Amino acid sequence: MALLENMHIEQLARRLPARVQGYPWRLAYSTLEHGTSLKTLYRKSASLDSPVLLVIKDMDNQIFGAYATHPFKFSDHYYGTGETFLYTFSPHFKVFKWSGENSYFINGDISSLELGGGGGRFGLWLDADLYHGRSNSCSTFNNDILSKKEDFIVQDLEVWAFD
């Protein structure tokens, strides 16, 4: 609603897996509304029992993020399944799905949150303030850089669930 226009919702809805098709979208976490901190993200994502949609709008107004099969949580380990993918609308809408090379889907930490893994790199990286973000090409999704540069700044960030 606030970060996405009808253009974004339709192109995203067409690439969501079958198990969430026709499930209404519930806003679970929002930087605009809840307090900008990875800690707060964890608290709102706690007691979520569904896959989530991560929506990032950076300081260049470009929109990208991820669909995750499980709520974001602090984890000793990588978790999630292969239905997880990354997406960007810059320079055009493109979805980077599981490549089958590894299973390093989601990794929650106290200092950072990252999706994708393998040999050090990652697909998406956010710091504890949900401020400095980073995006590289990773083996989990074989994505290109979701943002303009490798480094980006989070302007607004939303997490949507499918209760």
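All residue numbers are counted from 1 along the displayed sequence.
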TODO: Output the stretch having the higher mean C-alpha B factor in the entry; the candidates are 116-124 and 92-100.
DONE: 116-124
Open item on the list: If you take the mean CA temperature factor per stretch, which one wins between 36-44 and 22-30?
Closed with: 22-30
TODO: Taking the chain's C-alpha temperature factors as the reference, tell me which third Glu158 falls into: lowest, middle or highest.
DONE: lowest
Task: Lowest, middle or highest third - CA B-factor, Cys138 - done: highest
Open item on the list: How does the C-alpha B factor of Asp49 compare with the rest of the chain: lowest, middle or highest third?
Closed with: highest
TODO: Can you work out whether the C-alpha temperature factor of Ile56 puts it in the lowest, middle or highest third of the chain?
DONE: lowest
TODO: Would you mind checking where the Cα B-factor of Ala68 ranks among the modelled residues of its chain, as the lowest, middle or highest third?
DONE: lowest
